[PDB]
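Down below is the structure, laid out as structure tokens.
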């Protein structure tokens, strides 16, 4: 699985959650509707199939 | 509702219809009944009502 790092930028999580292209969008430790109001020290996007 | 939004109709659930259309309380007493109706709610050419 390939790990892309995200740091030092402004993240818009509303575009991804509001997009209907995703079969499931389920979140642990956070509620996605509030993701736009949080500040994260680092984010790791690990992608695979 | 649409088919696999059926589990958005539940207490403490998030999604499109669980927050914008029909929100149940956390302390919801009662219960949910769902049955497929592809017969009188579906028509060729699309039902847009």
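Coordinate-derived values only; no laboratory data. Positions of Cβ are backbone-derived with ideal geometry, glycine not excepted, and every protein chain shown enters the neighbour counts.
Values computed for the structure shown
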quantity	calculated
Some residue of segment A:19-35 being more than 14 Å from chain B (Cβ to nearest Cβ), over 19 Å from residue B:7 (Cα atoms) and free of Cβ contacts under 8 Å to residues at least 12 places away in the same chain	no
Residue match in segment B:3-13 (condition: in a loop (DSSP other than H, G, I, E, B), more than 14 Å from chain A (Cβ to nearest Cβ) and closer than 21 Å to residue A:32 by Cα)	yes
Of the criteria (1) in contact with a strand residue (DSSP E or B) (Cβ under 7 Å, 6 or more places away or on another chain); (2) within 14 Å of chain B (Cβ to nearest Cβ), which one residue A:46 fails	(2)
